[PDB]
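Okay, so we've got the same protein chain twice, two forms, each given alone as structure tokens, structure 1 and structure 2.
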Structure 1
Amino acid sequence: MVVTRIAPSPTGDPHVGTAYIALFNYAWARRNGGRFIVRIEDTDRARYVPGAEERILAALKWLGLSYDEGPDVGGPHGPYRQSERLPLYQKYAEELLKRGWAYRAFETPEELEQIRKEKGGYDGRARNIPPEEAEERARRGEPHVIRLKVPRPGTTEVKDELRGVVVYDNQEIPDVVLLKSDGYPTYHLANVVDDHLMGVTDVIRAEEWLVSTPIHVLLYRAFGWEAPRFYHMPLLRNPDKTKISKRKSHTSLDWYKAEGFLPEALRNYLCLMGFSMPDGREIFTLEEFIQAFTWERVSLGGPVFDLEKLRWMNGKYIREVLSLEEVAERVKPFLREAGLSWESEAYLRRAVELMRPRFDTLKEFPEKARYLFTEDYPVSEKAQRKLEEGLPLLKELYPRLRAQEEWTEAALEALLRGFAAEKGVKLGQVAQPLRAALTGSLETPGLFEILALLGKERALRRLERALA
């Protein structure tokens, strides 16, 4: 069948680039009724951020991706955390050693630097050490690394499923270290070994690994294993076209969730990063994505992550994809984070309904609708100017309002329109100042619905403070 995977490195916040690559591996497997594996790349004890594994796994679930095998769901070929597979890599490294495909190198980190300075890059000088001497210096515990012994001279054919064949010159392929001196392996060794054992057939990864591919082709050869298919996705780019980074852009998935972006929206935007539906439709579900997926419709340009477009999309989900009730539920955390409270579900729902077309992120709701949940709301200078300029009218309207029995949006409009005509003035001249009194703002939803929402008492009370 088809088996894909993601090899996240727990070395920082959950990265949007990871979600992007995960999105495509997930789809390709589901499209082919296959498996989607999650393997953690925690072999660099130096860059390892404790607490990063949980975070990445949660973000993937947050976006709606589900994996078939992984650290927290088990699987037939575990462990799924490389740190727990160390003896395995040791074993395979020595296998290459015995097959003449690798060798032990004892240069100190400082000699290597000096070698890189003079001859630019390691010169494979350790290949001249007699195997028995290397084997002996190893048993004496001399610190060392194991390097891939690249066939020299020569050529190595790599095949990218989206770009075609690419012939490399072995002189371009360095004798990369396979097993570090601390016993930990490098991506190069662990990638191949683990992809093999877990049976992955389709390796879909970021284009930044294209050049390292001939190293993997060589390793699969060394082991006598069949190489999987390679699909390299273009890198997500900052606005300046450089690979998306933490300083020119927002790469942390937690930042997106914190800002009120809907996972559905983010996932949908990410699909547009290199892929498009035949009919050119831009809003679609995760499932529709799986079904319509085809490497034929994947573009290879480095897409710029456009926040403005994400916001647009998020707003689109808020008002056209999720139900009223769903938005109401998703907005709660944000109200709580703003120290605000709603009186009941009924109230919140109507509040959300009135604002639906006015907020593009869940975080924006408590901001623009603050006056619907607390008395502690701000008053814009323009609102104040408008309030003071219409006090006389409001003063004459107030008595009519305290005597209004039927407190409905229909009745209220009738009264106000009538009052405006009877006072020989345009509605706006009575509605605008009233809006200011009620909301401390001049940018709000319809006056009649805002006036009704609160009820007679709550509305008059607030109206009285503006006239006091």
Structure 2
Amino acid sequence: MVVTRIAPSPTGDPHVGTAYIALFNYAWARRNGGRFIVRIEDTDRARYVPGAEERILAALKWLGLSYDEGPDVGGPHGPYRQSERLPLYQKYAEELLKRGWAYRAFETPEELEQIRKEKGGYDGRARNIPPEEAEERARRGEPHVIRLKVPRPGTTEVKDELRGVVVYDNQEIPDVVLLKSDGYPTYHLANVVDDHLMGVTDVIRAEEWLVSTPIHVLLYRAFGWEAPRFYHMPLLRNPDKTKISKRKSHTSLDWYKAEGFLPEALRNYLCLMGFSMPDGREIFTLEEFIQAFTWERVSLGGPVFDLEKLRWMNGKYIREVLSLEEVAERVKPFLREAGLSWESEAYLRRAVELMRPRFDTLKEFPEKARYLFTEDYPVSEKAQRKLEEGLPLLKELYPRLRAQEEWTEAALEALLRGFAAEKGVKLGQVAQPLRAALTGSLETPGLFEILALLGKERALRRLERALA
């Protein structure tokens, strides 16, 4: 049975990289009728932010993913937070000492810097301290760390299921710290101990972890454990091919959610980052992704995460995937956040229908259609000048509009058409100023559709205000 996992180290915001990796772990598990678990690697007591773990779990669920074991759902091999299993790492570190696969090192930071400048890294000199002396110094409270005792000289072979076998000269592998001086584990020790105890059979993670694998293979060998299958996914890249980073761009899943990106669209886009459908389709469901999933179609090149492409897909979901009713429901939270209400469901549905071809994110709806839900809408600098330019035309138009009994799109259109001819100007010279007066914008949907949507009286009210 296949068992995959995600092992996020929460820091602040839920990272899009976590969603990307989670997506493929979830797919590989489901495709094989296996299990997908969540382990929180929260031992970094400097980067701990209350609520960060919860935000990650919520984002995974928001994206439509689900997991089988974890901090909140529980499971047969918990605890699922590394902060709750600190004693395990220490006992396993002690086991390595007993096996001769690890040793205590007492160098101060000043000493390590000197050694690094002389040898290019730590040279394992502490391996020459008599074991019994190292234990006594430890018993006496001397500060130290426990390092992996890499076989010197030697070689370590590592197999990545997508890239193949890599033969490392052990001289490329340092005697990495496994247990820190404060008793906390390093990533290498905790990751191997927990993947083993949780029964992980398939490790799928970002390629930046690839070079850490030989260390993990040595640890599995040291404990006498069977190593799982390793799959390293390409890192998400910026247009310039550099690695996407939270310090350089928007990687927060909460930002995407707040910006009005649909979970189904973001999920669909992440699928396209490390995979392509046989037929080439770009729009598909999570179920279809799983059914068609195969490592044979996972590219190893750097996938470019293009925000503009994401917005395009989001827009395609808004007008071609979801129903009008679904969109109207989803824009509600954004309307309320913008301090806007809607007279009725029928009205809202109509507003969404008119704006649907004009917004790519749910957040843009309240921003571009504010004038449809409140009289307190902003008037752009460009719209104001256009209104001013056509004010005299509108003033002469006001009377005709007030007398207009048939307040429909076709009727109003005919009225402006005749008026424009009467004044010797093109229809647009009258339409633009009117649009500005009724919406405070020059970029809106059908002027005539907007003219009649609000009703005659309310429309005249705004024209009056612009003429006041």
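Counting starts at 1 with the first residue of structure 1 and goes up one by one along its sequence. Definition used throughout: the rigid core is the maximal C-alpha set that superposes within 1.5 Å between two forms.
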Fill in the blank from the handout: Shift test between structure 1 and structure 2 (rigid core reference, C-alpha, 2 Å or more cutoff) over 151, 100, 87, 378 hits only 378
Exercise for the section: With both forms fitted on the core, give yes or no for whether the Cα of residue 396 moves by 2 angstroms or more between structure 1 and structure 2. Expected result: yes
Handout entry: Did residue 233 shift 2 Å or more between structure 1 and structure 2, C-alpha, core superposed
Key = no
Practice task
Would you say whether residue 431 is displaced between structure 1 and structure 2, judging by a C-alpha shift of 2 Å or more on the superposed rigid core?
Solution key: yes
Problem - After superposing on the core, C-alpha shift for residue 273 between structure 1 and structure 2 in angstrom - result: 0.2
Practice task
Any chance you could measure the C-alpha shift of residue 419 between structure 1 and structure 2 with the core superposed, in Å?
Solution key: 8.3
Practice task
Check the Cα of residue 409 between structure 1 and structure 2 on a core superposition and give its shift in Å.
Solution key: 5.7
